[PDB]
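Coordinates from work-v3.cif are shown below (mmCIF, C-alpha atoms).
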```
data_model
loop_
_atom_site.label_atom_id
_atom_site.label_comp_id
_atom_site.auth_asym_id
_atom_site.auth_seq_id
_atom_site.Cartn_x
_atom_site.Cartn_y
_atom_site.Cartn_z
CA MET A 1 46.65 9.56 -4.16
CA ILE A 2 48.62 12.56 -5.52
CA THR A 3 52.38 12.92 -6.36
CA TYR A 4 55.14 14.99 -4.56
CA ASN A 5 55.21 16.68 -7.93
CA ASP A 6 51.51 17.56 -7.68
CA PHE A 7 52.21 19.54 -4.49
CA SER A 8 55.20 21.36 -6.02
CA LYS A 9 52.80 22.81 -8.66
CA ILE A 10 51.17 24.87 -5.85
CA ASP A 11 52.91 28.12 -4.95
CA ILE A 12 52.38 28.67 -1.22
CA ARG A 13 53.79 31.82 0.43
CA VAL A 14 54.00 33.67 3.65
CA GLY A 15 52.04 36.88 3.49
CA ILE A 16 51.17 39.65 6.05
CA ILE A 17 47.73 41.14 6.27
CA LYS A 18 47.84 44.96 5.96
CA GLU A 19 44.21 46.05 5.60
CA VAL A 20 40.88 44.38 6.46
CA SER A 21 37.33 45.42 5.49
CA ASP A 22 33.89 43.82 5.54
CA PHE A 23 32.91 41.98 2.37
CA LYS A 24 29.31 43.26 2.44
CA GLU A 25 28.15 41.74 -0.81
CA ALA A 26 29.36 38.19 -0.11
CA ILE A 27 26.84 35.45 0.68
CA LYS A 28 29.03 34.05 3.44
CA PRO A 29 30.34 36.27 6.26
CA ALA A 30 33.74 37.35 4.95
CA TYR A 31 36.45 39.89 5.02
CA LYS A 32 38.27 41.57 2.16
CA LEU A 33 41.97 41.33 2.95
CA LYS A 34 44.86 43.28 1.41
CA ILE A 35 47.99 41.15 1.96
CA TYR A 36 51.68 41.91 1.27
CA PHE A 37 53.73 39.05 -0.20
CA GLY A 38 57.13 40.78 -0.52
CA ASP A 39 58.95 42.93 -3.10
CA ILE A 40 58.30 40.77 -6.15
CA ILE A 41 54.66 39.63 -5.73
CA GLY A 42 53.54 42.80 -3.97
CA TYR A 43 49.95 43.19 -2.71
CA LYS A 44 47.11 40.80 -3.42
CA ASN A 45 43.53 40.84 -2.26
CA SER A 46 41.64 37.91 -0.81
CA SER A 47 38.16 37.05 0.33
CA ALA A 48 38.36 35.10 3.60
CA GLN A 49 35.58 33.54 5.78
CA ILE A 50 37.45 34.37 8.96
CA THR A 51 35.05 36.77 10.70
CA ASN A 52 35.53 34.81 13.90
CA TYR A 53 38.62 36.99 14.11
CA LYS A 54 38.14 40.71 14.81
CA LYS A 55 39.64 42.99 12.24
CA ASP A 56 42.27 44.16 14.74
CA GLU A 57 43.40 40.55 15.26
CA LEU A 58 44.29 40.23 11.62
CA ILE A 59 46.24 43.50 11.05
CA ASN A 60 49.89 42.62 10.66
CA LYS A 61 49.24 38.92 11.09
CA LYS A 62 51.50 36.55 9.06
CA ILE A 63 49.35 34.17 7.08
CA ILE A 64 49.85 31.50 4.46
CA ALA A 65 48.35 31.59 0.98
CA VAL A 66 48.22 29.97 -2.41
CA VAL A 67 49.46 32.64 -4.83
CA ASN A 68 49.23 31.04 -8.32
CA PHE A 69 45.55 30.40 -8.71
CA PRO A 70 43.53 32.19 -11.40
CA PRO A 71 41.73 35.26 -10.03
CA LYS A 72 38.28 34.45 -8.70
CA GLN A 73 35.42 36.93 -9.11
CA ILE A 74 33.02 37.04 -6.16
CA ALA A 75 30.29 39.64 -6.74
CA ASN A 76 32.19 42.82 -7.66
CA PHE A 77 35.48 41.79 -5.91
CA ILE A 78 38.43 39.79 -7.24
CA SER A 79 40.00 37.37 -4.80
CA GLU A 80 43.58 36.82 -5.97
CA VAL A 81 44.93 34.41 -3.34
CA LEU A 82 43.53 31.71 -1.01
CA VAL A 83 44.40 32.19 2.64
CA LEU A 84 44.87 28.77 4.34
CA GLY A 85 43.13 27.80 7.47
CA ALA A 86 41.98 24.68 9.30
CA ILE A 87 38.24 23.90 9.57
CA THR A 88 37.76 23.27 13.21
CA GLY A 89 34.96 22.80 15.71
CA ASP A 90 35.51 26.50 16.68
CA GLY A 91 35.47 27.87 13.05
CA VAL A 92 38.30 28.54 10.64
CA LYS A 93 41.70 28.87 12.36
CA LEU A 94 44.41 30.47 10.24
CA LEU A 95 47.74 28.87 9.55
CA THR A 96 50.72 30.93 10.70
CA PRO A 97 54.45 30.38 10.23
CA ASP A 98 56.65 30.19 13.30
CA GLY A 99 58.66 32.91 11.62
CA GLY A 100 59.50 34.27 8.20
CA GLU A 101 59.08 37.17 5.87
CA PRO A 102 56.40 37.94 3.29
CA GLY A 103 57.21 36.05 0.02
CA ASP A 104 58.95 33.20 1.83
CA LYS A 105 58.00 29.89 0.18
CA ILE A 106 56.60 26.78 1.71
CA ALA A 107 58.94 23.77 1.02
CA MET B 1 49.72 28.25 -13.28
CA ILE B 2 47.02 25.93 -11.79
CA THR B 3 43.30 25.56 -11.03
CA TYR B 4 41.58 25.33 -7.66
CA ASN B 5 41.15 21.62 -8.28
CA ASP B 6 44.93 21.08 -8.33
CA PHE B 7 44.85 22.30 -4.68
CA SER B 8 41.67 20.53 -3.59
CA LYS B 9 43.25 17.20 -4.58
CA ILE B 10 45.89 17.65 -1.86
CA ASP B 11 44.72 16.49 1.64
CA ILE B 12 46.28 18.82 4.21
CA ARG B 13 45.63 18.07 7.91
CA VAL B 14 46.40 19.28 11.39
CA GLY B 15 48.56 16.81 13.22
CA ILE B 16 50.40 16.65 16.60
CA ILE B 17 54.02 15.55 17.02
CA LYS B 18 54.18 12.78 19.65
CA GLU B 19 57.71 11.39 19.22
CA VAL B 20 60.98 12.75 17.77
CA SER B 21 64.22 10.94 17.15
CA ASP B 22 67.43 11.64 15.05
CA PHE B 23 67.31 10.34 11.47
CA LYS B 24 70.88 9.01 11.72
CA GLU B 25 71.03 7.49 8.26
CA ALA B 26 69.75 10.52 6.34
CA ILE B 27 72.42 12.59 4.64
CA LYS B 28 70.54 15.83 5.41
CA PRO B 29 70.14 16.71 9.10
CA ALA B 30 66.61 15.47 9.87
CA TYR B 31 64.35 14.17 12.51
CA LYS B 32 62.07 11.13 12.36
CA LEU B 33 58.68 12.32 13.60
CA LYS B 34 55.71 10.23 14.77
CA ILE B 35 52.68 12.39 14.33
CA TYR B 36 49.01 11.76 15.34
CA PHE B 37 46.35 12.75 12.79
CA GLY B 38 43.16 11.79 14.67
CA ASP B 39 41.29 8.62 15.14
CA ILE B 40 40.68 7.77 11.48
CA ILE B 41 44.11 8.39 10.01
CA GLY B 42 46.04 7.44 13.11
CA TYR B 43 49.82 7.75 13.37
CA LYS B 44 52.15 8.55 10.55
CA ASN B 45 55.88 8.92 10.34
CA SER B 46 57.75 11.73 8.66
CA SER B 47 61.33 12.77 7.92
CA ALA B 48 61.63 16.56 8.55
CA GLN B 49 64.72 18.81 8.03
CA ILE B 50 63.83 20.84 11.13
CA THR B 51 66.87 20.28 13.38
CA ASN B 52 66.98 23.99 14.01
CA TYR B 53 64.26 23.08 16.51
CA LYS B 54 65.25 21.23 19.63
CA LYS B 55 63.40 17.97 20.10
CA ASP B 56 61.57 19.33 23.15
CA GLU B 57 60.29 22.25 21.06
CA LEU B 58 58.45 19.75 18.78
CA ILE B 59 56.85 17.39 21.28
CA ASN B 60 53.12 18.29 21.61
CA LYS B 61 53.40 20.83 18.73
CA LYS B 62 50.45 21.05 16.30
CA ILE B 63 51.77 21.01 12.75
CA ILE B 64 50.31 20.91 9.28
CA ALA B 65 50.96 18.03 6.87
CA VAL B 66 50.02 16.62 3.43
CA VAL B 67 48.59 13.21 4.22
CA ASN B 68 47.82 11.67 0.76
CA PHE B 69 51.25 11.38 -0.78
CA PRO B 70 52.53 7.99 -1.61
CA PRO B 71 55.08 6.74 0.89
CA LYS B 72 58.64 7.87 0.26
CA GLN B 73 61.62 5.65 1.22
CA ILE B 74 64.66 7.60 2.47
CA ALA B 75 67.48 5.15 3.35
CA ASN B 76 65.81 2.49 5.61
CA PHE B 77 62.90 4.73 6.71
CA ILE B 78 59.44 5.35 5.12
CA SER B 79 58.26 8.98 5.34
CA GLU B 80 54.45 8.87 5.11
CA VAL B 81 53.54 12.58 5.26
CA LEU B 82 55.10 15.96 4.42
CA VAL B 83 55.21 18.44 7.29
CA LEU B 84 54.86 22.00 6.01
CA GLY B 85 57.21 24.80 6.73
CA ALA B 86 58.42 28.09 5.28
CA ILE B 87 61.94 28.37 3.87
CA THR B 88 63.26 31.48 5.64
CA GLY B 89 66.58 33.32 6.13
CA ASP B 90 66.67 31.67 9.57
CA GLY B 91 65.96 28.04 8.44
CA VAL B 92 62.73 26.08 8.06
CA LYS B 93 59.85 27.55 10.17
CA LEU B 94 56.93 25.24 10.76
CA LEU B 95 53.41 26.12 10.04
CA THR B 96 51.00 25.88 12.99
CA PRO B 97 47.27 26.32 13.21
CA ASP B 98 45.84 29.01 15.50
CA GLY B 99 43.71 26.12 16.93
CA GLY B 100 42.26 22.80 15.88
CA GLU B 101 42.45 19.11 16.56
CA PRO B 102 44.48 16.39 14.87
CA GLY B 103 42.71 15.36 11.62
CA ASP B 104 41.13 18.81 11.08
CA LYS B 105 41.32 19.65 7.34
CA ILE B 106 42.64 22.72 5.64
CA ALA B 107 39.98 24.41 3.58
#
```
As structure tokens - that is how I would like this structure written.
Amino acid sequence: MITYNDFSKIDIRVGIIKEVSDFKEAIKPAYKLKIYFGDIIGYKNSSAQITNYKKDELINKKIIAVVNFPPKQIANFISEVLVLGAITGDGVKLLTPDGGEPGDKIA
Amino acid sequence: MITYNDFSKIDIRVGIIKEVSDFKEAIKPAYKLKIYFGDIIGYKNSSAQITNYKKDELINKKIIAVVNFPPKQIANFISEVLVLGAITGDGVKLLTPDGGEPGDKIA
């Protein structure tokens, strides 16, 4: 129902979470994440509904994100990337790469 | 580059690799993978350039795949889904979910 070309339009990278705070103003329970995506992209912020994880579980965790969306305002915060996770019977479960560095690209 | 809708159009699921064999006719080194995506989608086949993994590393592994591409013929084989992995300095590294069941959808 899409093309292989449609998927190539999406820029999906490995990132590493470096800071986590509560997103107090958000409707949904959420964290503000500051994520490093390597020497060229640098740091981007994200809103993520992943409060099933404790903050200490996310520090230095390698995650996967869409990095070429338009910035999304949510209250007074700008979410710059979308962190990918599966919607499961036990909440959102992050996607992780088996290995890789921040800024590595999904094929 | 895109909008959120460009991403939402892509159907990305958790699947589990059930069978792995060598894709002997492919010019790139690749495995043929039979992957279970839950009781609605069922089984799908994929060609994956992940021969840096041993076959016994992949059996029972939860992976992430795009499930709504058109089928892609590669030699005499039809690859039905795209298994997602990061392109790293040490080869392709599969994406895995932290948890989830086959057919669970990426948000």
Could you list the residues in chain B lying within 7 Å of chain A, using all atoms listed in the file, and format the result as number ranges by chain? B: 1-4, 7, 10, 68-70, 84-88, 93-100, 104-107
Preceding selection exported with C-alpha atoms as a short mmCIF file (atom, residue, chain, number, x, y, z; two decimals), in the coordinates of the input:
```cif
data_model
loop_
_atom_site.label_atom_id
_atom_site.label_comp_id
_atom_site.auth_asym_id
_atom_site.auth_seq_id
_atom_site.Cartn_x
_atom_site.Cartn_y
_atom_site.Cartn_z
CA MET B 1 49.72 28.25 -13.28
CA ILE B 2 47.02 25.93 -11.79
CA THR B 3 43.30 25.56 -11.03
CA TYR B 4 41.58 25.33 -7.66
CA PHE B 7 44.85 22.30 -4.68
CA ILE B 10 45.89 17.65 -1.86
CA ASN B 68 47.82 11.67 0.76
CA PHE B 69 51.25 11.38 -0.78
CA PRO B 70 52.53 7.99 -1.61
CA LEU B 84 54.86 22.00 6.01
CA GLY B 85 57.21 24.80 6.73
CA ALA B 86 58.42 28.09 5.28
CA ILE B 87 61.94 28.37 3.87
CA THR B 88 63.26 31.48 5.64
CA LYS B 93 59.85 27.55 10.17
CA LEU B 94 56.93 25.24 10.76
CA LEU B 95 53.41 26.12 10.04
CA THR B 96 51.00 25.88 12.99
CA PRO B 97 47.27 26.32 13.21
CA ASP B 98 45.84 29.01 15.50
CA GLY B 99 43.71 26.12 16.93
CA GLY B 100 42.26 22.80 15.88
CA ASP B 104 41.13 18.81 11.08
CA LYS B 105 41.32 19.65 7.34
CA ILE B 106 42.64 22.72 5.64
CA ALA B 107 39.98 24.41 3.58
#
```
Take chain B, superimpose it onto chain A by least squares using every C-alpha atom paired in sequence order, and output the result as an mmCIF file with C-alpha atoms, in the frame of the given file.
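Everything below was put into result_29.cif:
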```cif
data_model
loop_
_atom_site.group_PDB
_atom_site.id
_atom_site.type_symbol
_atom_site.label_atom_id
_atom_site.label_comp_id
_atom_site.auth_asym_id
_atom_site.auth_seq_id
_atom_site.Cartn_x
_atom_site.Cartn_y
_atom_site.Cartn_z
ATOM 1 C CA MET B 1 45.964 9.838 -4.254
ATOM 2 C CA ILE B 2 48.662 12.188 -5.700
ATOM 3 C CA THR B 3 52.389 12.597 -6.404
ATOM 4 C CA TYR B 4 54.831 15.066 -4.886
ATOM 5 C CA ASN B 5 54.676 17.013 -8.129
ATOM 6 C CA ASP B 6 50.959 17.739 -7.641
ATOM 7 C CA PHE B 7 52.052 19.634 -4.474
ATOM 8 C CA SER B 8 55.179 21.272 -5.878
ATOM 9 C CA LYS B 9 53.041 22.908 -8.582
ATOM 10 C CA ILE B 10 51.201 24.914 -5.905
ATOM 11 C CA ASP B 11 53.039 28.154 -4.862
ATOM 12 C CA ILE B 12 52.418 28.688 -1.148
ATOM 13 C CA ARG B 13 53.850 31.861 0.452
ATOM 14 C CA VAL B 14 54.082 33.728 3.712
ATOM 15 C CA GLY B 15 52.160 36.952 3.550
ATOM 16 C CA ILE B 16 51.181 39.765 5.993
ATOM 17 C CA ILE B 17 47.668 41.193 6.320
ATOM 18 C CA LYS B 18 47.832 44.994 5.950
ATOM 19 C CA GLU B 19 44.168 45.974 5.509
ATOM 20 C CA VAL B 20 40.821 44.349 6.406
ATOM 21 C CA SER B 21 37.344 45.434 5.465
ATOM 22 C CA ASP B 22 33.823 43.757 5.452
ATOM 23 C CA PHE B 23 32.930 41.946 2.220
ATOM 24 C CA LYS B 24 29.398 43.395 2.259
ATOM 25 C CA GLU B 25 28.249 41.848 -0.996
ATOM 26 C CA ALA B 26 29.364 38.281 -0.261
ATOM 27 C CA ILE B 27 26.616 35.937 0.861
ATOM 28 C CA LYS B 28 28.981 34.164 3.287
ATOM 29 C CA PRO B 29 30.354 36.279 6.150
ATOM 30 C CA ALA B 30 33.802 37.291 4.853
ATOM 31 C CA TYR B 31 36.468 39.868 4.990
ATOM 32 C CA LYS B 32 38.285 41.521 2.087
ATOM 33 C CA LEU B 33 41.986 41.291 2.921
ATOM 34 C CA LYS B 34 44.894 43.222 1.380
ATOM 35 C CA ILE B 35 47.954 41.141 1.969
ATOM 36 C CA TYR B 36 51.663 41.913 1.241
ATOM 37 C CA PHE B 37 53.726 39.080 -0.267
ATOM 38 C CA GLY B 38 57.145 40.767 -0.579
ATOM 39 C CA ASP B 39 58.701 43.012 -3.091
ATOM 40 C CA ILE B 40 58.312 40.791 -6.158
ATOM 41 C CA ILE B 41 54.722 39.658 -5.783
ATOM 42 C CA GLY B 42 53.500 42.795 -4.079
ATOM 43 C CA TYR B 43 49.954 43.190 -2.767
ATOM 44 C CA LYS B 44 47.120 40.818 -3.371
ATOM 45 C CA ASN B 45 43.516 40.818 -2.320
ATOM 46 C CA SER B 46 41.628 37.913 -0.832
ATOM 47 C CA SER B 47 38.116 37.061 0.347
ATOM 48 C CA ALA B 48 38.409 35.055 3.625
ATOM 49 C CA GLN B 49 35.560 33.513 5.720
ATOM 50 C CA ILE B 50 37.394 34.376 8.947
ATOM 51 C CA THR B 51 34.941 36.744 10.678
ATOM 52 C CA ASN B 52 35.407 34.770 13.850
ATOM 53 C CA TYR B 53 38.528 36.935 14.076
ATOM 54 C CA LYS B 54 38.114 40.581 14.896
ATOM 55 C CA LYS B 55 39.641 42.887 12.323
ATOM 56 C CA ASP B 56 42.293 44.056 14.793
ATOM 57 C CA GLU B 57 43.355 40.435 15.340
ATOM 58 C CA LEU B 58 44.297 40.198 11.613
ATOM 59 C CA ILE B 59 46.173 43.443 11.037
ATOM 60 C CA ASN B 60 49.950 42.692 11.003
ATOM 61 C CA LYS B 61 49.275 38.904 11.154
ATOM 62 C CA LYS B 62 51.560 36.638 9.080
ATOM 63 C CA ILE B 63 49.429 34.170 7.152
ATOM 64 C CA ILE B 64 49.990 31.503 4.553
ATOM 65 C CA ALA B 65 48.457 31.689 1.068
ATOM 66 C CA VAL B 66 48.376 29.966 -2.357
ATOM 67 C CA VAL B 67 49.557 32.654 -4.739
ATOM 68 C CA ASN B 68 49.293 31.021 -8.232
ATOM 69 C CA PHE B 69 45.583 30.438 -8.576
ATOM 70 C CA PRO B 70 43.765 32.201 -11.297
ATOM 71 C CA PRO B 71 41.766 35.158 -10.040
ATOM 72 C CA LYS B 72 38.311 34.326 -8.730
ATOM 73 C CA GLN B 73 35.418 36.827 -9.051
ATOM 74 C CA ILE B 74 33.009 36.792 -6.084
ATOM 75 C CA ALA B 75 30.224 39.368 -6.664
ATOM 76 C CA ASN B 76 32.076 42.626 -7.630
ATOM 77 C CA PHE B 77 35.400 41.648 -5.989
ATOM 78 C CA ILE B 78 38.423 39.686 -7.365
ATOM 79 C CA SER B 79 40.025 37.322 -4.823
ATOM 80 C CA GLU B 80 43.630 36.815 -5.975
ATOM 81 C CA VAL B 81 44.964 34.375 -3.352
ATOM 82 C CA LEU B 82 43.642 31.684 -0.991
ATOM 83 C CA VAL B 83 44.507 32.186 2.669
ATOM 84 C CA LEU B 84 44.941 28.844 4.423
ATOM 85 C CA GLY B 85 43.166 27.780 7.521
ATOM 86 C CA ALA B 86 42.024 24.658 9.349
ATOM 87 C CA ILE B 87 38.323 23.804 9.531
ATOM 88 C CA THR B 88 37.829 23.203 13.265
ATOM 89 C CA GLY B 89 34.955 22.707 15.743
ATOM 90 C CA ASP B 90 35.509 26.362 16.693
ATOM 91 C CA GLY B 91 35.510 27.847 13.122
ATOM 92 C CA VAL B 92 38.310 28.514 10.645
ATOM 93 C CA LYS B 93 41.760 28.799 12.354
ATOM 94 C CA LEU B 94 44.455 30.450 10.299
ATOM 95 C CA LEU B 95 47.775 28.956 9.645
ATOM 96 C CA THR B 96 50.781 31.045 10.726
ATOM 97 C CA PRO B 97 54.479 30.517 10.282
ATOM 98 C CA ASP B 98 56.714 30.284 13.361
ATOM 99 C CA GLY B 99 58.783 33.028 11.594
ATOM 100 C CA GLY B 100 59.552 34.288 8.123
ATOM 101 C CA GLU B 101 59.114 37.254 5.858
ATOM 102 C CA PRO B 102 56.442 38.016 3.278
ATOM 103 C CA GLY B 103 57.250 36.094 0.052
ATOM 104 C CA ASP B 104 59.034 33.242 1.888
ATOM 105 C CA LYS B 105 58.046 29.930 0.218
ATOM 106 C CA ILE B 106 56.713 26.780 1.753
ATOM 107 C CA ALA B 107 58.973 23.847 1.071
#
```
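Distances to residue 38 (chain B) were evaluated for B:78, B:65, B:16, B:26 using all atoms listed in the file, and the minimum falls at B:16.
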Evaluate the PyMOL selection byres ((chain B and resi 17) around 8) and record the selected residues as a ChimeraX atom specification, following the chain and residue labels used in the document. /B:15-16,18-20,33-36,58-63
Residue 46 (chain A) environment, 6 Å, all atoms listed in the file, sequence neighbours closer than 6 positions dropped, as a ChimeraX atom specification: /A:32-33,79-81
Apply the PyMOL selection byres ((chain B and resi 23) around 10) to the displayed file and report the matching residues as a VMD selection string. chain B and resid 20 to 22 24 to 33 47 to 49 74 to 77
